[PDB]
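The structure appears right after this line, and notes come after that.
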Amino acid sequence: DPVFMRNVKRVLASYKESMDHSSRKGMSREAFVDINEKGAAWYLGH
Amino acid sequence: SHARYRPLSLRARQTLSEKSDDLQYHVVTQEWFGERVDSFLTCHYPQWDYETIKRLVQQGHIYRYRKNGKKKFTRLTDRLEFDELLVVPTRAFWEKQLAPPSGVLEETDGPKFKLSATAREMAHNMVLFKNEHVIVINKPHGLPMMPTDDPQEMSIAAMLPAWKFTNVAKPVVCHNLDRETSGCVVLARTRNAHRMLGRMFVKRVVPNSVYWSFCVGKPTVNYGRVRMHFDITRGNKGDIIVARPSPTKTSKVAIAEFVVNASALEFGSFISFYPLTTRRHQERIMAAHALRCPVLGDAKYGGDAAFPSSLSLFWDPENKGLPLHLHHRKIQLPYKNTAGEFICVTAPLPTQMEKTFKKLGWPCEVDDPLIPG
């Protein structure tokens, strides 16, 4: 094992899901969620 | 105008009762010695209703003094003792920052609204269940429950004088719905009936109503519970609703148990909500954000997502004016039928919901067993 390719293969085998695209979610969190001093919260309204 | 009343604790109310000299002391002489308190008060105040007298006596605004150095609070059935005093507040006692019960002051009706023949006909048509104490109507989509900011719009509060079939006073709405929500609405015919049914619409632990909804997309779970914490803030021309997973002092919880009855593969779902709280747009918010499935036609929460192109063969996604697919289906009542079961009133599905159900091949009129009778 001259070069750490086992870790490369391990991290490449885990490509089943992408964080940019959702398969069964009609609503998005990046459009309503924002963190405040108390935590995360959904802000509904323009 | 009641604009001078202030929040008072029991200590402050007792202190104001002690300070204010706007009191009348009826001396119990030999002629009234031995009578009942309610009888004495009914004979001495002909302008007061028995409900008003009962509220005053039971809340303690009217009391008696037996020359002991302390005030004596009694029941309506207690007898009067000789040479004692009966302390009753006067009219000027309620002009300070202490609000009286509802029967003390006198309200004025003033104007009386006029309903046309067609309005009365449709009001009679919307009736689902009638009883000696309650009337359940089928409010449709797009009809406001109360007069909005524009006074020129019709409303159920304005159609209310049409459901006094034989009574003298119009009924009183027990719970309000959104402008887009359509379904069963409860109207108490008696004042006592309203006071007793108000307990049924506060936050509870066991649900007694159903909401049938058609949501865009199928959630990852078939059944479960939804719990959010809503904070309402005043905006420019609306209300900013902040939904949180953790409670705050200025927030209020919204809880509902949802069950996905039937659904398309991953494009649409039919969900039954059973709420335990009463929060603004509760079902719509919990569907759009907790279940991540916006209700079909819910343009306020997930506007572009509420008009999917998957149903373009049935609903044109370009008008964006189709009714909200959320219907107050079934509600249980404390009154029992002849068979011994609680009366459960059910409202038929609206036109758009029945059309969607028929296009997807689902039966429209099915009894929901999760709310027993």
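None of the figures in this text is laboratory data; all of them are computed from the coordinates on show. Virtual Cβ from ideal backbone geometry, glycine too; neighbours counted across all protein chains shown.
A few notes on this one:
- Just one residue in the set B:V221, B:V210, B:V185 is over 24 Å from A:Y43 (Cα atoms), within 14 Å of chain A (Cβ to nearest Cβ) and either part of a helix (DSSP H, G or I) or touching a residue at least 12 places away in the same chain (Cβ under 8 Å) (or both); that residue is B:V221.
- On the stretch given as region B:107-138, residues that are of a type in the set (S, T, N, Q) and either part of a loop (DSSP other than H, G, I, E, B) or within 22 Å of the chain's Cα centre (by Cα) (or both) total 4.
- Just so you know, in region B:305-323 the residues that are aliphatic (A, V, I, L, M) and free of Cβ contacts under 8 Å to residues at least 60 places away in the same chain include one that is nearest to the other protein chains (Cβ to nearest Cβ), and it is B:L311.
- Being in contact with a helix residue (DSSP H, G or I) (Cβ under 8 Å, 6 or more places away or on another chain) and in contact (Cβ under 8 Å) with a residue 60 or more places away in the chain is a property that B:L76 lacks.
- Scanning region B:312-343 for residues that are part of a strand (DSSP E or B) and touching a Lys or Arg at 6+ places or on another chain (Cβ under 6 Å) turns up just one, B:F342.
- Members of region B:21-35 found to be surrounded by fewer than 15 Cβ atoms within 10 Å (Cβ to Cβ) and outside any loop (DSSP other than H, G, I, E, B), listed by number: B:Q24, B:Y25, B:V27
- B:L86 being in contact with a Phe, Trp or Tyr (Cβ under 8 Å, 6 or more places away or on another chain), assigned to a loop (DSSP other than H, G, I, E, B) and not charged (D, E, K, R): no
- Pick from region A:19-46, criterion assigned to a strand (DSSP E or B) and among the aliphatic types (A, V, I, L, M), ranking: farthest from the chain's Cα centre (by Cα): A:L44
- Check on B:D78, surrounded by fewer than 14 Cβ atoms within 10 Å (Cβ to Cβ) and farther than 30 Å from B:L349 by Cβ: no
- Inspection of region B:334-341 finds no residue satisfying the criterion of being of a type outside the set (V, I, T) and either within 14 Å of another protein chain (Cβ to nearest Cβ) or surrounded by 21 or more Cβ atoms within 10 Å (Cβ to Cβ) (or both).
- Residue within region B:292-304 that is closer than 19 Å to B:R227 by Cβ, within 12 Å of chain A (Cβ to nearest Cβ), free of Cβ contacts under 8 Å to residues at least 40 places away in the same chain and buried (at least 19 other Cβ atoms within 10 Å of the Cβ) present: yes
- Subset of region B:230-286 that is of a type in the set (D, E) and over 19 Å from A:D34 (Cα atoms) - its residue that is nearest to the other protein chains (Cβ to nearest Cβ): B:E266
- Meets criteria (in contact with a strand residue (DSSP E or B) (Cβ under 9 Å, 6 or more places away or on another chain) and surrounded by 13 or more Cβ atoms within 10 Å (Cβ to Cβ)) for B:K164: no
- Residue list for region B:342-365, filter: closer than 21 Å to B:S263 by Cα, among the β-branched types (V, I, T), under 28 Å from the mean Cα position of the chain (by Cα) and surrounded by 14 or more Cβ atoms within 10 Å (Cβ to Cβ): none
- Flag if B:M145 is within 22 Å of B:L349 (Cβ to Cβ) and in a loop (DSSP other than H, G, I, E, B): yes
- Evaluation of A:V33 against (1) among the β-branched types (V, I, T); (2) loosely packed, with under 13 Cβ neighbours inside 10 Å; (3) within 14 Å of chain B (Cβ to nearest Cβ) (one fails), failing number: (2)
- Number of the exception - A:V11 against (1) within 11 Å of another protein chain (Cβ to nearest Cβ); (2) outside any loop (DSSP other than H, G, I, E, B): (1)
- Of all residues in region B:275-291 being of a type in the set (A, V, I, L, M, F, W, C) and touching a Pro at 6+ places or on another chain (Cβ under 8 Å), the one that is surrounded by the fewest Cβ atoms within 10 Å (Cβ to Cβ): B:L276
- Qualifying positions in region B:54-71 - under 14 Å from B:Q14 (Cα atoms), surrounded by 14 or more Cβ atoms within 10 Å (Cβ to Cβ) and over 36 Å from the mean Cα position of the chain (by Cα): B:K71
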